[PDB]
Amino acid sequence: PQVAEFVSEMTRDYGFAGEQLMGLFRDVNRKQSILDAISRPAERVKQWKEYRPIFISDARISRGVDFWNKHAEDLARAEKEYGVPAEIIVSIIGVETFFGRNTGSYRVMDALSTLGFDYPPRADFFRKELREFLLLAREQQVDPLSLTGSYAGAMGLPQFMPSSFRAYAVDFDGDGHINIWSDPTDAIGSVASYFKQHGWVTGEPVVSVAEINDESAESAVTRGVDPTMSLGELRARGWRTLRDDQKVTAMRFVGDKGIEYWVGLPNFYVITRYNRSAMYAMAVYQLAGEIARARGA
Ligand SMILES: [Ca+2]
């Protein structure tokens with residue numbers, strides 16, 4: 001019914017053959033397990049002390065260094081062309097999929113159709129991503145049922161949503177295909193492109209350890225990841241850490257040895273564009289640091 005509607009829209013607006021599409025959707029399955037996963041209540045709070053070691057592990061650093069050893073030239077080329085550190089690219093791929101170990105259990109078509117048609121709270125968002133998916137599959141001339149992703153439709157080594165693939169992904173080995181699923185070279189350039197296009201500033205720092213004077217300084221801790229003040233204003237609130245005329249966020253983490261205070265600079269905010277969590281972005285940054293250290297970068 002609404003499927004027929006979506007199909008009419010793809011036919012009228014996007015130039016798709018109605019019959020070809022209906023044949024496609026006959027093969028698509030509704031997955032109850034996806035509706036359950038997206039439905040889940042909030043998980044128990046993890047302190048930084050619990051969250052960090054999920055990502056900063058012997059195995060994850062080892063596999064990251066291995067990934068870099070294997071893709072060293074591609075990584076140097078992406079750093080040069082996009083002005084984003086190699087270690088940040090490697091870290092994103094390590095955090096998202098463990099360098100291609102865990103790239104999602106579903107056909108993208110099943111996930112996006114299940115959510116687009118059968119999950120009211122976010123049906124519009126996923127219906128849009130379904131349309132973007134159909135467009136990218138046509139552009140790349142690949143069978144739409146051949147591509148995998150997470151239960152929420154995120155695809156390949158870097159877990160790009162379909163809309164991000166179309167906006168930001170690149171053919172980084174010049175073969176005329178964009179394959180972020182099994183071509184690490186395209187994945188590497190695609191992550192670098194995403195970061196440059198979300199405002200990464202080449203050569204600027206990302207975070208700084210801080211200490212505070214007084215309990216009153218805790219009032220400046222940022223709610224969420226959007227900055228509300230300059231670093232100079234944050235220093236006036238009693239934080240000690242950099243240029244003062246930049247917008248920063250202020251973090252208070254419960255770490256392995258006690259409370260840690262951190263200042264997030266604009267490049268930190270760029271990382272949170274990938275996933276809007278201060279802990280996520282700190283794990284990406286700290287994992288990048290450890291991998292770069294092991295590489296001698
Ligand atoms: Ca390619």
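Order of listing sets the numbers, starting from 1, for every ligand and every atom in it. Just so it is clear, the values below take in all heavy atoms, side chains as well, and ignore hydrogens, waters and symmetry mates. The chain is numbered in sequence order, starting from 1.
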For residues 99-108, which side-chain N or O atoms pair as donor and acceptor with protein atoms under 3.5 Å away, sequence neighbours left out?
from, atom 1, to, atom 2, distance (Å)
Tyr106, OH, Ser33, OG, 2.9
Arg107, NE, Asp110, OD2, 2.9
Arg107, NH2, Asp27, O, 2.8
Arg107, NH2, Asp110, OD1, 3.1
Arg107, NH2, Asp110, OD2, 3.3

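- For the Ca ion (ligand 1), protein N, O or S atoms closer than 3.0 Å were enumerated as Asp171 OD1, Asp173 OD1, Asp175 OD1, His177 O, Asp186 OD1, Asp186 OD2, with waters left out.
- Using a cut-off of 4.0 Å between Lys/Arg side-chain N and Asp/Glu carboxylate O, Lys257 and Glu260 are scored as not salt-bridged.
- For the residue pair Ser163 / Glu129, a side-chain donor-acceptor distance below 3.5 Å is found, with atom types taken as modelled.
- Through direct or indirect side-chain contacts shorter than 4.5 Å among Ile, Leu, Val, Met, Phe, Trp and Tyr, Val201 is connected to no other residue.
- Grouped by direct or indirect side-chain proximity (heavy atoms under 4.5 Å, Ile/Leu/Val/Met/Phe/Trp/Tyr only), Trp239 sits with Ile212, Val221, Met229, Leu231, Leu234, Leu242, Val248, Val254, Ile259, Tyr261, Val263, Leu265.
- Side-chain atoms of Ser182 and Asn179 form a donor-acceptor pair, as typed in the model, at a separation below 3.5 Å.
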